[PDB]
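The chain below stands alone and is given in structure tokens; this is the form deposited in one PDB entry.
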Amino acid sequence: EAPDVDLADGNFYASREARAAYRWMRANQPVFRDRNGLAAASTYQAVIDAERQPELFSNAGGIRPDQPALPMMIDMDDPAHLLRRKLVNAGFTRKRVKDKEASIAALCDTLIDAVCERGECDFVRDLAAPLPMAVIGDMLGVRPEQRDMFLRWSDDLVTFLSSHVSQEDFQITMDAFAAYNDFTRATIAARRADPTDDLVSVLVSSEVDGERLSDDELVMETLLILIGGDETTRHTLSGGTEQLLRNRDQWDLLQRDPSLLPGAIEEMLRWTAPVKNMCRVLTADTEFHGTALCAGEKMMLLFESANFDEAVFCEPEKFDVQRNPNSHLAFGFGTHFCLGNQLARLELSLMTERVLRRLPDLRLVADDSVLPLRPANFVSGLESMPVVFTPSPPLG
């Protein structure tokens, strides 16, 4: 019998029974319909095949199950999407991202300095959540003492994307957007008159095919970047480190061999899959991997399910930092492949290498059976992760 599940319900993704439900879907109905008839691609093959057919599986209806499209690149199809992405790509060239290494490392060291003397911290609150916020906030010109405000707006907006909000939460969402809009339009006006090397400056000057980003587009695209920056990577940092601590042979391998870190980051991404789904709207009736789909309905791409697909990943419930190949779909695939992937990987690398070296005897206070995941239908990971370690003095 099929699992009785609602794939638009955030409680499904907070359940540690989700992977059992995905396993059934992959073995019995790869393009699954949930208890409300919502279609979802559960196998790696079905996700890739949909990703590769953007004219049939469109982003232009919006990437959430019951919300309309917003005027931003992730809700656009080519050719318009390609121009928008090329414009925003000025902020994400390989050289610009790699050049952030020293500054990101400094933030990692400041955050570890704040807890290293204590011998205990909440890995989520004190390391995983603040590092990506500080990096993206610095790119956007946010004063350090205002990071919490931007993180609050980001939580409001990602909660809106992660659920079907009440009217009161709709109002909060609109208020947060209005505050972000006000701040960002001030930055745009200032950078136009006195350009710097910050993200808004680089985006203002970007030109492709004789076109530039409008103020409207700058607000929307930088907001997409803010929330990608501050709502996703945190969950790979916490949940990926959790797996290193649960399987101490994996922690020990990384401690003794820094050259294993790139493969470890990939396995942390495969395992944690912070983005649980993105939607595609059907542009025509189609028979897709055994399931009839109707023009105008949305189908979810279940990235965590694909990342645990035994047809692609041998023994997928084994966390193995050495896994090769590791062609996971945490960042998706195709036209919309995460623009921030290099930045996210760099943050994960720099914080993890410092955690391994500076907190070398790190351990979990209590095991996973009592560590909850955030209820959310879109992006999710650990709420809290208390950890202990031998104290050390700060680097300063």
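Just so we're on the same page, rigid core means the largest C-alpha set that superposes within 1.5 Å between forms. Just count from 1 along the sequence shown to find any residue number.
Visitor: Using the B-factors recorded in the PDB entry, average over the C-alpha atoms of 11-19 and of 379-387, then report which stretch comes out higher.
Guide: Taking the mean C-alpha B-factor of 11-19 and of 379-387, the larger value falls to 11-19.
Visitor: Please work out which of 280-288 and 229-237 has the higher mean CA B-factor as recorded in the PDB entry.
Guide: The recorded data point to 280-288.
Visitor: Highest CA temperature factor in the entry: which of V370, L329, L348, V31?
Guide: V370 has the highest C-alpha B-factor of those listed.
Visitor: Among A186, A129, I136, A306, which carries the highest Cα B-factor?
Guide: Highest CA B-factor of the listed options: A186.
Visitor: Please place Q53 in the lowest, middle or highest third of its chain according to the CA B-factor in the PDB entry.
Guide: Middle third of the chain for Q53's C-alpha B-factor.
Visitor: By the recorded C-alpha temperature factor, relative to the other modelled residues in its chain, which third is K100 in?
Guide: Its C-alpha B-factor, which the entry lists for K100, ranks in the middle third among residues of this chain.
Visitor: If you rank every modelled residue in this chain by C-alpha B factor, which third holds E315: lowest, middle or highest?
Guide: Answer is middle: the recorded C-alpha B-factor places it there.
Visitor: How does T335 rank on Cα B-factor within its chain, lowest, middle or highest third?
Guide: It falls in the middle third of the chain.
Visitor: Once the chain's modelled residues are ordered by C-alpha B factor and cut into thirds, is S166 in the lowest, middle or highest one?
Guide: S166: CA B-factor falls in the highest third of its chain.
Unshown form deposited in another entry; subsequent notes refer to it.
Visitor: After aligning the rigid core, which of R118, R248, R192, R256 is the one whose Cα travels 2 Å or more between the shown form and the other one?
Guide: Comparing both forms, the shifted residue turns out to be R192.
Visitor: With a threshold of 2 Å on the C-alpha, tell me if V281 counts as moved between the shown form and the other one once the core is superposed.
Guide: Comparing the forms between the shown form and the other one, which are aligned on their rigid core, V281 does not shift its C-alpha by 2 Å or more.
Visitor: Please say whether, between the shown form and the other one, the C-alpha of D169 moves by 2 Å or more once the core is aligned.
Guide: Shift of 2 Å or more: yes.
Visitor: Indicate whether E101 shows a C-alpha shift of 2 Å or more between the shown form and the other one, with the rigid core used for the fit.
Guide: No, its C-alpha moves less than 2 Å.
Visitor: Knowing the Cα distance between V165 and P68 changes 3 Å or more in the other form, does it shrink or grow relative to here?
Guide: Compared with the shown chain, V165-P68 is farther in the other form.
Visitor: In the other form, the Cα separation between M174 and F12 changes by 3 Å or more relative to the shown form; did it shrink or grow?
Guide: Their C-alpha distance shrinks by at least 3 Å in the other form.
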